[PDB]
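One line per chain: the protein sequences are B, f, e, d and g, in this order.
Everything in the first sequence is counted per PDB author numbering, starting at 729 for the first residue and increasing by one.
Everything in the second sequence is counted per PDB author numbering, starting at 1 for the first residue and increasing by one.
Everything in the third sequence is counted per PDB author numbering, starting at 1 for the first residue and increasing by one.
Everything in the fourth sequence is counted per PDB author numbering, starting at 1 for the first residue and increasing by one.
Everything in the fifth sequence is counted per PDB author numbering, starting at 1 for the first residue and increasing by one.
Even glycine gets a Cβ: it sits at the ideal position worked out from N, Cα and C.
In what follows, a structure is listed as structure tokens, so that the remarks can point back to it.
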Amino acid sequence: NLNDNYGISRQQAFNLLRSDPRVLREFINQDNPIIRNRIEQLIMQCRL
Amino acid sequence: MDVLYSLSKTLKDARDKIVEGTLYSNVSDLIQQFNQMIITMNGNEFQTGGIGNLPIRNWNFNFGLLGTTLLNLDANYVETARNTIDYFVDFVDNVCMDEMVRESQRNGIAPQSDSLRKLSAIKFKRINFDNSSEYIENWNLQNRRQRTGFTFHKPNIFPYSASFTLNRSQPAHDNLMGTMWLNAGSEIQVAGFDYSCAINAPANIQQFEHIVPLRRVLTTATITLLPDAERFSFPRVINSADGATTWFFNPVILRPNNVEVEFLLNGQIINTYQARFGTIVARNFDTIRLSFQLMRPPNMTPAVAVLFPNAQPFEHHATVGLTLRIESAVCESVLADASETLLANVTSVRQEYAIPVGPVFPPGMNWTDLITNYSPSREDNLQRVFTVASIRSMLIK
Amino acid sequence: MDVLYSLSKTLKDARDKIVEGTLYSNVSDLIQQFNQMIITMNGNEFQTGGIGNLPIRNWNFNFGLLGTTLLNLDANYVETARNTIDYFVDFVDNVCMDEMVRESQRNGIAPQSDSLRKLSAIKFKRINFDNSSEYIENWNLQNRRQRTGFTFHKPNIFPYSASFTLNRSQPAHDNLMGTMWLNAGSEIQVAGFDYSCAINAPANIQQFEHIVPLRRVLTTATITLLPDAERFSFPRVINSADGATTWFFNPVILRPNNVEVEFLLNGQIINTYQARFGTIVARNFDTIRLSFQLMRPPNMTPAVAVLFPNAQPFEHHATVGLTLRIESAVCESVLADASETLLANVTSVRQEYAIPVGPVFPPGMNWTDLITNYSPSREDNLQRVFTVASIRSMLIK
Amino acid sequence: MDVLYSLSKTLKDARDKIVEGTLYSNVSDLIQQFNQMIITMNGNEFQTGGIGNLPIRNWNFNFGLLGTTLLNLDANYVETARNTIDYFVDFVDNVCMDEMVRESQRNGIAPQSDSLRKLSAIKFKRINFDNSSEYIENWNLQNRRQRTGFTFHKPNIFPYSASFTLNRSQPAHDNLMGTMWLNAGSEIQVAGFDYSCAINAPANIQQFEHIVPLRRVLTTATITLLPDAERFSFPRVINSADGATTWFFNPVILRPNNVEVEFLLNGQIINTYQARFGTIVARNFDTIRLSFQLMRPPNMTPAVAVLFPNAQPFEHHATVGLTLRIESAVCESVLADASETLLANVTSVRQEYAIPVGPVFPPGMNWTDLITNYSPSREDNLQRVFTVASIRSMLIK
Amino acid sequence: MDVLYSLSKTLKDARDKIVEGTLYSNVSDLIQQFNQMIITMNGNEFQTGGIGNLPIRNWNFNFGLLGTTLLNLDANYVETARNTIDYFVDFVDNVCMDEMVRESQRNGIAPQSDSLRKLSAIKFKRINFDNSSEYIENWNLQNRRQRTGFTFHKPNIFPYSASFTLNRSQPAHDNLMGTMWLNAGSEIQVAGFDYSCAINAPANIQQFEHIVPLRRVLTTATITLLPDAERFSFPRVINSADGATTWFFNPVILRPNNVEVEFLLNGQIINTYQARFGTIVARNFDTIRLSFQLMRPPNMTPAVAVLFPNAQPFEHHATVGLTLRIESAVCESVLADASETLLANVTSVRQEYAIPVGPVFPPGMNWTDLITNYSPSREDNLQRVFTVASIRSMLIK
């Protein structure tokens, strides 16, 4: 989804594949709904 | 841009007409125009690609002169013709795709790919075929500023917006009086619902008033109106405003009474419909208003009293809905539809080579996010890319 | 008439074929067409408009022959021509308009506005190119008393009709049994309902037979049939047989049985389908009879046995439901269709200038009340105005 | 095959162009083409009929030619023309009826009627007037082993099926959990139902993944994805897998959350959309996978908390629903559609003259039976029938 | 249209350049154009007046050509020109005005005067000296489909609306929380206030939001931002919402913290500024959001601790605010600045000639209503009137 509809550069990509905080945080700061939705998915899947 | 439609129709006519055996004069004119296209295009470099991950190709033109001296067609002529038109269609589609993923904020109808920027030089304006189809027709026209028009079946005009509003509220959510609606695609389904069935309101009739504003002035639309909430007719469990409470709505349906639809334009009322059902025609509008009354029955037989207790504890709620579908129309701006294939090609060609999003277009060409904030620059950029999509659409379907 | 479409096509080809750079050979026939036309026009003076509040217009044909040009004509000729072209399109638009609002109980397949009758004079016979669109061709064929043809995507042929028949009815209304049908747009939704679920009918079977007649005869239709009605399957409060009280309806929907669909024409069984769902084909018909059977459940599970006791008190009633959608069809007569806006264009040009509508059309171009009172004379009038509207579309979007 | 389209397009040109009033230079080359055709026809003989009620017809060719001296057209011209045109349209229609009702176990790329068999002969190839139509162009460029396309609106490509999957079943059918689906036309309605409402399931979550395979390669799918399951939101008496029992189903809808969709191509992720509604596009896929979660509201309201108790008994059963509608697509194999009549015409012409069910087509032109068990051989034969049906559609109406 | 600007500038150049003594070479272009003009303008008559209070005036052209063989100018030559100059400038004025008054509901970018209607013909196209002023240039650009540009000094783009908003209200106003804001001329002043100074609130912080959308997007704005509300800084007595009584205001100013100003484009952040005041810049924005938090101070000298008693009764009120001023800007449309007499002149002449109200211009030229529902047709007619008023401006004084 990300590469298709948001055209991240190769640098941002190889950061992602590492799960690199820089790109994840900067993307949330740009508010891509996709990334926030994934993190919300993770949060909700925590059902104590 | 016109040169692109020229080359497109050139290649399309070469693909369909000229095959061995026919009469020459039946194709001779076409052959002459094709040969002139060749003569004038040979001897110029064209550099496609150079952004994103899309391949960066070069193009050189030195194709010879196809013979006009023949009278009946041989297999070798069409052999060469096919061998060459393959090259040409590949060229045209690559330059199209390249122009696709480009944009700007100033002059949103301007050339943007280097191939086209070179090509719109006047020394290629001596090969142009016609303007036969619809999209390039409108492009040329709006360039000359007469009236515009595109024919749409099911014009997906509104965004998706599932919203509701409350007129009489309760903290326990047990005396609701308000409205719900779902507006998306081409369809609008808006319903007004009540719990007390006007047991406190004057004259036993409850009024509802609802608005839907559009963002472009459509034209000459047929609209079907049907008396029901075709998507609000089942028990529901819905969040409240801040999403801290969930409320229960169990419907029963009546007729909508004194149904008053008004197509308004420019702060003025334009056209009316009262108690007319089924299919209607509207000339020119940008806003729809639906004012409808929900009536209490005057007499009730044994079955009904359980449905409506005169006291405050209620179980079943009354509701009346309207279904509104704009069947077909013609737009003075550009829109998508359900019967063409422009949006799909735009999105696909943007999706493939991982083009970094531009500063103007919205992400993923999300149509609804576009429509919610239709702005003229984005509009003209749409029109541009849609003409280019049509161009591509005649060459490799 | 023929004059109208001939000139409209020549003006369309003018607006769309005169662009700078084409060979002088691709246009020679076109400019000679135009020259013949104008030569005929030199001498004609016309007065039009004035029924309703339509403006009065006087038209003077005074321009000289178009400019003869070199190998590839240039923009000077383009501008000089398109000026007179603007004037000509203005003329023809007002022409179609002045023709659009006139009606007569007598003849009127032929022209009725005297301007077109001047066009009907032999002096305008030389001005004629051809016919390429369907409607003019069916015009000429009806001028030849032969068969016609019209392909509709979802034709609109049904009269707005929401009505029900009563078989087992009580002045108190809690032991009902019968059949309720909604005819609307290009849809039919029938539903056979019972309250006792056929406890007293032999074989635990209850029969239903329903018949829809149409006002005009269709041909070679494709029709989708889905086995659950999608409009009547939810609770309702319904008016009385006298229009003075209300009863309740709680539905439960089952798969139907003995679904038997017949396409009939004058008492002859032309087509019959047994329990076939999906899209079907019908060769030729004008009426549809649906027969089906509501069968009491042979065996039932614990939850179900609460749905049909052998007693009188009932809180859920059974119903079979059937929906029928004519996806595409072919008609010999002229019908308002979905995709095109011909009905819409007609009604818009009728209303926009507050024209008091004729003595035989309905008030305000209400279409379903029209087809309810659809006559052969009205058929022919609608035919002619649809013709002239399709002409109007050709030059002004 | 091309020869027949050439003939019939020329016949169309005759029907359309030679009508009193034309300058001869506008038809000159058409006249030469028509005379060349008639010459090529003088010198052969044809036989038709020989299966079903289709009668044998013996066709000769000994005709006269049309004059080329005229400068403006007179009536006797088109009279003597229609004289021959009657014979030629009869011949082409008879050819169509003959071939449409033939088959071949494999290699259906060729016609099997003596007519076309001899008609594709060398001495006939001179008449290749053009390939103006779309399907003929597809057929041609197919002969050259090339990639094609066809643009259809709301095609019927999904295999029809009305069945349901249970994942937690008890014989008494008072505690059930599973998935329901309906796939017909261009509609997929899919729902998931839980009786425990995920009060016992891990993490208060239920998962449903549903796999709909498409039997033929699609391209450029515009779809509408909407949060309802309309046909799956009302009580039902459904047969179980027992084939001897019947169970109850009373639904209520919660919001289908984490709705995720995957359009796959031969088993690779192609398009993947997540929490997005309205219009949507997929580029190139062959199967659809819908994954969605069902969630119990952690917050409630009394009227809500009554229906979903902490106990095992249950009267309301939770259900989530999704609607998928494929509006228009581009396909690479011939398909049945919602905007043309080829399937209908071929089924009609087969049934008409009592064609015994051959060894290739499934019985009765049941489209669903055909599509669910698609085969290359059958798509070849259907390609044949559809191209020639389009052929037939041009002349006879 | 173009011809009117041409003539006006022509006469302006005459007035400013044709003066005694000069070299005829200095005025060569001018007299050349002037003789071309008189060549075009003889042999015809023009009419004005009648609408509003403008008297019908007829205008002719019989002046003879003007000398060219001179060496240096004499006042004789000057008045020989001037006696004609007067007539022509007055006719320009009158045509300007008789156009100015006109308005219509449809097709307003074009002119509406039979004078200009006759001007549109080919016979007048010879006349053009120059097109180098700004407004005619933007005109010709919105004719040539290029990105238009209108520069402005201090534009009156914000509509007038001075209203307040509450988040918490007491019927006696002994406990409040809300905002006030006045947006006038070209500046906005917002101020959020609380009586408790956010003592009960969480973490001693009270948020405030306020948004402003614009009806026309702007470009390359250089905005100025001063943190205060000088307009809301003094004790006021203000009228309640229902309209029976008033309430008090005695605020005391703090400085706002975490002041965020967000210039968003179509729901996309383009400029964001925190922790900063003074002059800042916005490249492409149309939606302004001002969000600011009031922080109860950390620690206060006793005279302050007297101000915000932690107990319930409040004896002073807290407030923090912003002011946003637009100095220079660039837009796509026509606007009202504080340095052009276009808006002034048009309103003044409409008044002086006392034209009744028409359905486009709201009554009394109240710029509030004008800019309130700014929309296409209004925009076009406004561009027209501004253009023609600028045409007038250089000469009228």
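Item                                                                                                                                                                                                           : Value
Could you round the C-beta distance between residue 307 of chain g and residue 208 of chain g to whole angstroms and report it? I think they count as a contact, below 8 Å.                                    : So it is not a contact: roughly 19 Å between Cβ atoms.
Within the continuous alpha helix (DSSP H) that includes residue 391 of chain e, where are the two ends?                                                                                                       : 376-392
Using a C-beta to C-beta distance shorter than 7 Å, which residues of chain g count as neighbours of residue 145 of chain f?                                                                                   : 143
Should residue 268 of chain f be flagged as near chain g, meaning a C-beta pair shorter than 8 Å?                                                                                                              : yes
Against chain f, with Cβ distances strictly below 8 Å, would residue 759 of chain B count as a contact?                                                                                                        : no
Whose Cβ in chain e lies nearer than 7 Å to the Cβ of residue 278 of chain f?                                                                                                                                  : 160, 184, 185 and 368
Using the Cα positions of residue 770 of chain B and residue 257 of chain d, report the straight-line distance between them to the nearest angstrom.                                                           : 14 Å
Starting from the C-beta of residue 355 of chain g, find all residues in its chain whose C-beta is less than 7 Å away, skip the five residues before and the five after it, and write them out in chain order. : 52 and 101
Give me the Cα-Cα distance between residue 28 of chain e and residue 96 of chain e, rounded to the nearest whole angstrom.                                                                                     : 29 Å
Give me the chain f residues within the contact set of residue 21 of chain e, using Cβ-Cβ distance strictly less than 8 Å, ordered along the chain.                                                            : 125, 126, 127 and 128
Keeping to the same chain, check which residues put their C-beta closer than 7 Å to that of residue 273 of chain e; ignore five residues upstream and five downstream.                                         : 261 and 280
Excluding the five sequence neighbours on either side, which residues of its own chain have a C-beta within less than 8 Å of the C-beta of residue 222 of chain d, listed in chain order?                      : 279, 280, 281, 326, 327, 328 and 329
Going along the chain, which residues of its own chain have a beta-carbon closer than 8 Å to the beta-carbon of residue 128 of chain e, five neighbours each way excluded?                                     : 2, 3 and 6
Expressed to the nearest angstrom, what Euclidean distance is found between the alpha-carbon atoms of residue 110 of chain f and residue 14 of chain f?                                                        : 29 Å
Given this structure, state the Cα-to-Cα distance separating residue 426 of chain f from residue 48 of chain f, to the nearest angstrom.                                                                       : Lying outside 1 to 397, the shown extent of chain f, residue 426 of chain f is not represented and no answer is given.
Which runs of the beta strand (DSSP E) spanning at least 3 residues fall entirely within the segment 106-189 of chain g, listed in chain order?                                                                : 150-153, 161-168 and 177-184
Out of g:66, g:318 and g:365, state which residue places its alpha-carbon closest to the alpha-carbon of residue 194 of chain g.                                                                               : g:318
With a threshold of 7 Å on Cβ separation, who are the neighbours of residue 762 of chain B within its own chain once the five nearest residues in sequence on each side are excluded?                          : 729 and 730
Going by DSSP, name the residue or residues bridged to residue 740 of chain B.                                                                                                                                 : In the DSSP output, where bridge partners are listed per residue, residue 740 of chain B has none listed.
For chain f, is any of its Cβ atoms less than 8 Å away from the one on residue 748 of chain B?                                                                                                                 : no
Identify whether residue 328 of chain g lies in helix, strand or coil by the three-state DSSP scheme.                                                                                                          : strand
For residue 743 of chain B, which residues in chain f fall below 8 Å Cβ to Cβ?                                                                                                                                 : By Cβ distance, chain f contributes nothing, its closest Cβ being about 15 Å from residue 743 of chain B, past 8 Å.
What is the DSSP secondary structure of residue 213 of chain d, counted as helix, strand or coil?                                                                                                              : strand
Shortest alpha-carbon distance to residue 244 of chain e belongs to which of e:59, e:188 and e:172?                                                                                                            : e:172
Could you give the distance in angstroms between the alpha-carbon of residue 105 of chain d and the alpha-carbon of residue 397 of chain e?                                                                    : 51 Å
Can residue 345 of chain d and residue 305 of chain d be called in contact, C-beta distance under 8 Å?                                                                                                         : no
Put residue 271 of chain g into one of helix, strand or coil per three-state DSSP.                                                                                                                             : strand
By how many angstroms is the C-alpha of residue 323 of chain e removed from the C-alpha of residue 289 of chain e?                                                                                             : 13 Å
What residues from the segment 331-355 of chain f come within 7 Å of chain B, judged by C-beta to C-beta, listed N to C?                                                                                       : 351, 354 and 355
If we call anything under 8 Å between Cβ atoms a contact, is residue 8 of chain d one with residue 78 of chain d?                                                                                              : no
Using CA coordinates, which residue listed in d:142, d:68 and d:182 is at the minimum distance from residue 159 of chain d?                                                                                    : d:182
Interface residues of chain f around residue 149 of chain d at Cβ under 7 Å?                                                                                                                                   : 397
Count the other CB atoms, across all protein chains shown, that sit within 10 Å of the CB of residue 186 of chain d; report buried if there are 16 or more and exposed otherwise.                              : buried
Along the segment 165-198 of chain g, what residues have a CB closer than 9 Å to any CB found in chain f?                                                                                                      : none
If residue 283 of chain f sits next to residue 352 of chain e, beta carbons under 8 Å apart, how far is it from one beta carbon to the other, in whole angstroms?                                              : 5 Å
Please tell me whether residue 227 of chain e and residue 277 of chain e are closer than 8 Å, where the distance is taken between their beta carbons.                                                          : yes
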